[PDB]
Each structure stands twice: as structure tokens, then as C-alpha cells.
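Novice: Next up is a structure, given as C-alpha cells.
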Amino acid sequence: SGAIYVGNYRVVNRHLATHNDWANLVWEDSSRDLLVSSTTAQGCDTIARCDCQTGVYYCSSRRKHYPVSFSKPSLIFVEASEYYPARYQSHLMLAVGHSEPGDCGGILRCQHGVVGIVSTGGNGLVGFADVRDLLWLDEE
Ligand SMILES: */O=C(\[N][C]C1=[C][C]=C(F)[C]=[C]1)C1=[C]N([C][C])N=[C]1
Ligand SMILES: [Zn+2]
């Protein structure tokens with residue numbers, strides 16, 4: 001579990017979005033595993049605006065933050081998980097590291113702020129849904 005809180009937006013994995021998220025929907029994209037809802041309170045996070053390929057991510061199934069190198073966001077085949085069938089996911093970054101289903105929502109951060117959230121795992125990789133292209137998160 002986990003979310004990004006930027007301005008008056010809440011960014012969650014689409015597959016973990018709640019009824020209250022869907023009832024207050026700003027934007028969602030199944031191909032990216034992302035959903036954004038509106039918030040009453042302003043959030044503490046800053047979104048990275050950069051092309052870093054190194055950062056640190058939180059792994060709840062280890063209670064640990066790990067430094068990783070990661071691929072640039074791309075259209076990647078993802079094997080079946082507990083929450084999605086095998087499919088192509090877009091805007092996905094991969095790193096070597098541990099990720100189980102409940103790790104989804106852990107933040108990946110670089111020197112510029114939040115890069116994305118954990119979205120995939122298995123076979124010794126962790127996949128992150130990028131948010132650095134969503135420039136509209138930073139206003140309005
Ligand atoms: O519930 C609302 N939004 C989703 C949400 C927000 C915070 C959170 F911790 C979980 C889910 C919502 C939005 N608004 C209007 C701004 N009222 C309720
Ligand atoms: Zn960066």
C-alpha cells in the first residue's frame with residue numbers, strides 16, 4: 001500500500017483505489033496502473049521532473065529502503081500477479097530488487113523528489129509506475 005500526496009492530489013495504484021478515490025476521480029489509466037483522486041488537505045510530496053535512473057525505493061515486505069538503478073519508463077510485458085493478468089503495462093520502470101504485491105504504493109525517489117510508486121514485482125525485479133511526465137500534478 002501507499003500513495004503520493006502532491007498539492008490537492010492523491011496518486012495511488014489503480015488496482016488499490018478505493019470507492020472514495022473513484023467518487024473523487026481526477027484521472028486514471030489502467031495501462032499505467034495509476035489513479036489520481038482529489039484531497040481536502042495539501043500533501044507533503046514533491047514530484048521529480050528529471051530523467052534520473054538512480055534513486056531509493058521503499059519495500060514494505062522488508063521494512064527497508066533500497067538504493068536502485070532503474071530503466072527509463074517504457075511499455076513492458078508483465079507476467080500475471082495476484083492483482084492483474086499477464087499484460088503490457090506502460091510508463092513502467094524496472095530495477096533489480098524485491099517486490100511482492102503488497103509492496104505496491106512504496107515511493108521511488110531521486111534527488112529531485114518522487115519518481116513513481118511500486119507497481120510490479122516477481123522474478124527478482126521491482127517495477128515502478130512513473131509519474132514524472134504528469135506535469136499537471138504540480139498545479140491547480
Ligand atoms: O475521499 C476523497 N478523496 C480520496 C481520498 C483522499 C485521501 C485519502 F487518504 C484517501 C482517499 C475526497 C475528496 N474530497 C474532495 C476534495 N472529499 C473527499
Ligand atoms: Zn531526478
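Here's how to read the names in the C-alpha cells: chain A, B, ... by the order shown, residue numbers from 1 in each chain, ligand numbers from 1 in the order shown.
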Ligand 1: which residues are within 12 Å, counting only C-alpha atoms and all ligand atoms, as number ranges by chain?
Specialist: A: 1-13, 16-26, 35-43
Novice: What residues of the protein or nucleic acid chains come within 8 Å of ligand 2 when you use only C-alpha atoms and all ligand atoms? Reply as number ranges by chain.
Specialist: A: 48-55, 109-113, 115
Novice: Using DSSP assignments from the backbone, pull out every residue in segment 2-140 of chain A that falls under strand (DSSP E) and give it to me as number ranges by chain.
Specialist: A: 3-6, 9-13, 25-29, 34-38, 54-59, 64-69, 74-78, 87-96, 107-110, 113-120, 125-130
Novice: Nearest to residue 84 of chain A: which of A:119, A:108, A:137, A:66 is it, counting only C-alpha atoms?
Specialist: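 Among the listed residues, A:119 lies closest to residue 84 of chain A.
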Novice: Give me, as a PyMOL selection string, all polymer residues having an atom no more than 8 Å from residue 125 of chain A, counting only C-alpha atoms and skipping those fewer than 2 positions away in the same chain.
Specialist: chain A and resi 94-99+120-123+127
Novice: Could you dump the residues just selected with C-alpha atoms as a PDB file, in the first residue's frame?
Specialist:
```pdb
ATOM      1  CA  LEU A  94      12.321  -1.781 -13.769  1.00  0.00           C
ATOM      2  CA  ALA A  95      15.010  -2.332 -11.178  1.00  0.00           C
ATOM      3  CA  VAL A  96      16.665  -5.398  -9.620  1.00  0.00           C
ATOM      4  CA  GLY A  97      15.086  -5.753  -6.198  1.00  0.00           C
ATOM      5  CA  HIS A  98      12.397  -7.335  -4.078  1.00  0.00           C
ATOM      6  CA  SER A  99       8.698  -6.616  -4.708  1.00  0.00           C
ATOM      7  CA  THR A 120       5.053  -4.741 -10.302  1.00  0.00           C
ATOM      8  CA  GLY A 121       7.227  -7.471  -8.869  1.00  0.00           C
ATOM      9  CA  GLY A 122       8.375 -11.068  -9.239  1.00  0.00           C
ATOM     10  CA  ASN A 123      11.455 -12.745 -10.770  1.00  0.00           C
ATOM     11  CA  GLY A 127       8.596  -2.240 -11.356  1.00  0.00           C
TER      12      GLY A 127
END
```
Novice: What are the DSSP alpha helix (DSSP H) residues of chain A, as a PyMOL selection string?
Specialist: chain A and resi 19-23
Novice: Could you turn the residues from that selection into a file that holds N, CA and C atoms, as an mmCIF file, in the first residue's frame?
Specialist:
```
data_model
loop_
_atom_site.group_PDB
_atom_site.id
_atom_site.type_symbol
_atom_site.label_atom_id
_atom_site.label_comp_id
_atom_site.auth_asym_id
_atom_site.auth_seq_id
_atom_site.Cartn_x
_atom_site.Cartn_y
_atom_site.Cartn_z
ATOM 1 N N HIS A 19 -13.390 3.162 -3.131
ATOM 2 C CA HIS A 19 -14.606 3.792 -3.667
ATOM 3 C C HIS A 19 -14.498 5.319 -3.545
ATOM 4 N N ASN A 20 -13.933 5.824 -2.455
ATOM 5 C CA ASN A 20 -13.797 7.293 -2.264
ATOM 6 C C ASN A 20 -12.848 7.878 -3.333
ATOM 7 N N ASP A 21 -11.800 7.139 -3.716
ATOM 8 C CA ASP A 21 -10.941 7.594 -4.827
ATOM 9 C C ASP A 21 -11.788 7.737 -6.078
ATOM 10 N N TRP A 22 -12.538 6.697 -6.462
ATOM 11 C CA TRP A 22 -13.326 6.686 -7.709
ATOM 12 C C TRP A 22 -14.404 7.765 -7.660
ATOM 13 N N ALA A 23 -14.958 8.036 -6.481
ATOM 14 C CA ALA A 23 -16.011 9.063 -6.291
ATOM 15 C C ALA A 23 -15.448 10.468 -6.377
#
```
Novice: What separation in Å, quoted to one decimal, exists between atom CA of residue 56 of chain A and atom CA of residue 71 of chain A?
Specialist: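 Here the two named atoms are 13.5 Å from each other.
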Novice: Give me the residues within 9 Å of residue 60 of chain A as an MDAnalysis selection string, counting only C-alpha atoms and dropping any in the same chain fewer than 6 places off.
Specialist: chainID A and resid 1 99:100 102:104 106
Novice: Based on the selection just made, write N, CA and C atoms of those residues as a PDB file, in the first residue's frame.
Specialist:
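Ended up saving to selection_17.pdb:
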```
ATOM      1  N   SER A   1       0.836  -1.188   0.000  1.00  0.00           N
ATOM      2  CA  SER A   1       0.000   0.000   0.000  1.00  0.00           C
ATOM      3  C   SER A   1       0.877   1.246   0.000  1.00  0.00           C
ATOM      4  N   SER A  99      10.042  -7.212  -4.626  1.00  0.00           N
ATOM      5  CA  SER A  99       8.698  -6.616  -4.708  1.00  0.00           C
ATOM      6  C   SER A  99       7.688  -7.754  -4.677  1.00  0.00           C
ATOM      7  N   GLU A 100       6.828  -7.687  -3.706  1.00  0.00           N
ATOM      8  CA  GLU A 100       5.607  -8.538  -3.584  1.00  0.00           C
ATOM      9  C   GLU A 100       4.383  -7.677  -3.794  1.00  0.00           C
ATOM     10  N   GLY A 102       1.901  -6.609  -2.001  1.00  0.00           N
ATOM     11  CA  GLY A 102       1.589  -5.597  -1.005  1.00  0.00           C
ATOM     12  C   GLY A 102       2.636  -4.482  -0.927  1.00  0.00           C
ATOM     13  N   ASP A 103       3.750  -4.630  -1.654  1.00  0.00           N
ATOM     14  CA  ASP A 103       4.729  -3.526  -1.765  1.00  0.00           C
ATOM     15  C   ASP A 103       4.227  -2.416  -2.693  1.00  0.00           C
ATOM     16  N   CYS A 104       3.189  -2.656  -3.466  1.00  0.00           N
ATOM     17  CA  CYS A 104       2.669  -1.612  -4.366  1.00  0.00           C
ATOM     18  C   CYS A 104       2.327  -0.365  -3.570  1.00  0.00           C
ATOM     19  N   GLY A 106       4.753   1.820  -2.540  1.00  0.00           N
ATOM     20  CA  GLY A 106       6.000   2.342  -1.977  1.00  0.00           C
ATOM     21  C   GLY A 106       6.604   3.350  -2.937  1.00  0.00           C
TER      22      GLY A 106
END
```
Novice: Have a look at atom CA of residue 32 of chain A and atom CA of residue 129 of chain A and let me know their distance in Å, one decimal.
Specialist: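 Going from atom CA of residue 32 of chain A over to atom CA of residue 129 of chain A, I get 6.4 Å.
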Novice: Under the rule that only C-alpha atoms are counted, which of A:135, A:107, A:90, A:124 is the nearest residue to residue 65 of chain A?
Specialist: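 That would be A:107, the residue with the smallest distance to residue 65 of chain A.
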Novice: Which of these, A:45, A:31, A:67, A:72, has the shortest distance to residue 89 of chain A once you count only C-alpha atoms?
Specialist: A:31
Novice: To one decimal in Å, tell me the separation between atom CA of residue 47 of chain A and atom CA of residue 131 of chain A.
Specialist: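 Answer for the atom CA of residue 47 of chain A to atom CA of residue 131 of chain A separation: 7.5 Å.
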Novice: Using only C-alpha atoms, which residue out of A:88, A:116, A:132, A:63 lies closest to residue 75 of chain A?
Specialist: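 Closest candidate: A:88.
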Novice: Would you kindly return, as a PyMOL selection string, each protein, DNA or RNA residue with an atom no farther than 7 Å from any atom of residue 87 of chain A, considering only C-alpha atoms and excluding same-chain residues fewer than 6 positions away?
Specialist: chain A and resi 77-79
Novice: Okay, now the selection with N, CA, C and O atoms, as an mmCIF file, in the first residue's frame?
Specialist:
```cif
data_model
loop_
_atom_site.group_PDB
_atom_site.id
_atom_site.type_symbol
_atom_site.label_atom_id
_atom_site.label_comp_id
_atom_site.auth_asym_id
_atom_site.auth_seq_id
_atom_site.Cartn_x
_atom_site.Cartn_y
_atom_site.Cartn_z
ATOM 1 N N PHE A 77 6.074 -5.988 -20.977
ATOM 2 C CA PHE A 77 5.263 -7.151 -20.649
ATOM 3 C C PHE A 77 5.480 -7.529 -19.190
ATOM 4 O O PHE A 77 6.636 -7.572 -18.718
ATOM 5 N N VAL A 78 4.390 -7.692 -18.458
ATOM 6 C CA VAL A 78 4.400 -8.013 -17.024
ATOM 7 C C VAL A 78 3.682 -9.343 -16.853
ATOM 8 O O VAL A 78 2.508 -9.471 -17.282
ATOM 9 N N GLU A 79 4.312 -10.332 -16.257
ATOM 10 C CA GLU A 79 3.654 -11.622 -16.009
ATOM 11 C C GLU A 79 2.498 -11.434 -15.020
ATOM 12 O O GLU A 79 2.410 -10.405 -14.308
#
```
Novice: Pick from A:44, A:105, A:61, A:91: nearest to residue 134 of chain A, with only C-alpha atoms counted?
Specialist: A:91
Novice: If we count only C-alpha atoms, what is near residue 92 of chain A at a cut-off of 6 Å, once residues fewer than 6 positions away on the same chain are taken out, given as a list in words?
Specialist: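 So the residues in contact are residues 73, 74, 128 and 129 of chain A.
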Novice: Just write the chosen residues, C-alpha atoms, as a PDB file, in the first residue's frame.
Specialist:
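Listing of out.pdb after writing:
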```pdb
ATOM      1  CA  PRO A  73       9.728   4.416 -18.406  1.00  0.00           C
ATOM      2  CA  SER A  74       8.656   2.028 -21.220  1.00  0.00           C
ATOM      3  CA  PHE A 128       7.582   1.366 -10.717  1.00  0.00           C
ATOM      4  CA  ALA A 129       4.795   3.371 -12.324  1.00  0.00           C
TER       5      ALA A 129
END
```
